[PDB]
>>> print(open('coords_12.cif').read())   # mmCIF, C-alpha atoms
data_run
loop_
_atom_site.label_atom_id
_atom_site.label_comp_id
_atom_site.auth_asym_id
_atom_site.auth_seq_id
_atom_site.Cartn_x
_atom_site.Cartn_y
_atom_site.Cartn_z
CA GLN A 106 -7.56 -15.76 -0.83
CA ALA A 107 -7.93 -19.36 -1.98
CA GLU A 108 -11.62 -19.96 -1.34
CA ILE A 109 -13.61 -17.22 -3.07
CA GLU A 110 -12.47 -18.39 -6.47
CA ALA A 111 -14.71 -21.46 -6.72
CA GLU A 112 -17.78 -19.41 -5.90
CA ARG A 113 -16.91 -16.76 -8.48
CA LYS A 114 -16.70 -19.64 -10.94
CA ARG A 115 -20.22 -20.77 -10.06
CA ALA A 116 -21.40 -17.20 -10.62
CA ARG A 117 -19.99 -17.18 -14.13
CA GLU A 118 -21.60 -20.59 -14.65
CA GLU A 119 -25.00 -19.14 -13.84
CA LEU A 120 -24.05 -16.38 -16.25
CA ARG A 121 -23.74 -19.21 -18.77
CA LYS A 122 -27.13 -20.63 -17.88
CA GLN A 123 -28.75 -17.21 -18.08
CA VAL A 124 -26.51 -16.72 -21.09
CA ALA A 125 -28.11 -19.51 -23.08
CA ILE A 126 -31.33 -18.20 -21.56
CA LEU A 127 -30.47 -14.84 -23.07
CA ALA A 128 -29.90 -16.43 -26.48
CA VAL A 129 -33.69 -16.42 -26.86
CA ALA A 130 -34.04 -12.70 -26.19
CA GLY A 131 -31.15 -12.07 -28.57
CA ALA A 132 -32.99 -13.84 -31.35
CA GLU A 133 -36.08 -11.82 -30.45
CA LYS A 134 -34.61 -8.32 -30.30
CA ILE A 135 -32.38 -9.55 -33.11
CA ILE A 136 -35.28 -9.73 -35.54
CA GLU A 137 -36.73 -6.66 -33.84
CA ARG A 138 -33.94 -4.24 -34.63
CA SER A 139 -33.65 -6.07 -37.93
CA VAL A 140 -37.03 -4.61 -38.86
CA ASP A 141 -36.19 -1.29 -37.23
CA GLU A 142 -33.01 -0.73 -39.22
CA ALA A 143 -34.69 -2.36 -42.20
CA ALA A 144 -36.08 1.15 -42.20
CA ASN A 145 -37.52 0.37 -45.61
CA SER A 146 -40.16 -2.19 -44.81
CA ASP A 147 -40.57 -5.06 -42.37
CA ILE A 148 -41.53 -8.52 -43.55
CA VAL A 149 -41.36 -10.68 -40.44
CA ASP A 150 -42.46 -13.57 -42.65
CA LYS A 151 -38.86 -14.41 -43.48
CA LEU A 152 -37.69 -16.43 -40.50
CA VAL A 153 -34.02 -15.89 -39.78
CA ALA A 154 -34.42 -18.44 -36.98
CA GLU A 155 -31.64 -16.92 -34.91
CA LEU A 156 -30.76 -18.62 -31.65
CA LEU B 54 41.94 4.62 51.37
CA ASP B 55 39.69 1.96 52.87
CA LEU B 56 36.71 4.27 53.22
CA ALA B 57 36.95 5.65 49.71
CA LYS B 58 37.69 2.49 47.75
CA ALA B 59 35.03 0.74 49.79
CA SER B 60 32.23 3.18 49.04
CA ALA B 61 33.28 3.34 45.42
CA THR B 62 33.31 -0.43 45.27
CA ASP B 63 29.88 -1.00 46.75
CA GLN B 64 28.15 1.87 44.99
CA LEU B 65 30.00 0.76 41.88
CA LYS B 66 28.82 -2.84 41.76
CA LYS B 67 25.38 -1.99 43.10
CA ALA B 68 25.12 0.50 40.27
CA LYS B 69 26.31 -2.35 38.08
CA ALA B 70 23.52 -4.75 38.89
CA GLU B 71 20.94 -1.99 38.70
CA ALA B 72 22.21 -1.19 35.22
CA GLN B 73 22.04 -4.79 34.10
CA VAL B 74 18.44 -5.03 35.29
CA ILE B 75 17.67 -1.83 33.41
CA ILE B 76 19.09 -3.38 30.26
CA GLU B 77 16.77 -6.32 30.83
CA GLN B 78 13.77 -4.08 31.37
CA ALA B 79 14.52 -2.44 28.05
CA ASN B 80 15.28 -5.91 26.77
CA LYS B 81 12.07 -7.85 27.04
CA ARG B 82 10.45 -4.44 27.17
CA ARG B 83 11.25 -3.34 23.65
CA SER B 84 11.56 -7.00 22.70
CA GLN B 85 8.06 -7.87 23.84
CA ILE B 86 7.12 -4.68 22.02
CA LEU B 87 8.56 -6.41 18.97
CA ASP B 88 6.49 -9.55 19.51
CA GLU B 89 3.21 -7.65 19.79
CA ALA B 90 4.18 -5.79 16.65
CA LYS B 91 4.55 -9.16 14.95
CA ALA B 92 1.00 -10.08 15.90
CA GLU B 93 -0.66 -6.87 14.73
CA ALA B 94 1.24 -7.02 11.46
CA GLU B 95 -0.05 -10.54 10.98
CA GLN B 96 -3.63 -9.34 11.34
CA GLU B 97 -3.17 -6.56 8.81
CA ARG B 98 -1.77 -9.06 6.32
CA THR B 99 -4.59 -11.58 6.58
CA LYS B 100 -6.88 -8.64 6.00
CA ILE B 101 -4.94 -7.50 2.95
CA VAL B 102 -4.83 -10.68 0.93
CA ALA B 103 -8.36 -11.46 2.00
CA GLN B 104 -9.28 -8.18 0.34
CA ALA B 105 -7.44 -9.55 -2.67
#
>>> encode(input="coords_12.cif", output="structure tokens")
Amino acid sequence: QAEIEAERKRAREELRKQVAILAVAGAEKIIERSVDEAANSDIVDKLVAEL
Amino acid sequence: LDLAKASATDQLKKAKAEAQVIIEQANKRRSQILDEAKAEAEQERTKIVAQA
């Protein structure tokens, strides 16, 4: 039972790498659905600059 | 008297030793049975907490 733990930890760590990696996409789709639910008009000019 | 008590004696003690042996047969018999049981159990356990 002891061993598997450390590996699982590494897995979550990669989830952190890909997590920060995902931060990008979250900024992207972030502004995206921002315009969608804006549902009034979309000015992408304003830069939220979300991470 | 001699004939009777003699036969009874011999058959008696012979029967005795036989019995003792039998007890031994059952002894390490079922006992060994116990040991093997111990082993198998061990396997199952390692499996279980591994699964954990």
>>> interface_residues(input="coords_12.cif", of="chain B", to="chain A", cutoff="10 Å", atoms="all atoms listed in the file", output="PyMOL selection string")
chain B and resi 99-105
>>> atom_distance(input="coords_12.cif", atom1="CA of residue 63 in chain B", atom2="CA of residue 79 in chain B")
24.2 Å
>>> residues_around(input="coords_12.cif", residues="residue 152 in chain A", least_positions_apart="4", cutoff="12 Å", atoms="only C-alpha atoms", output="ChimeraX atom specification")
/A:132-133,135-137,139-140,147-148,156
>>> atom_distance(input="coords_12.cif", atom1="CA of residue 149 in chain A", atom2="CA of residue 128 in chain A")
19.0 Å
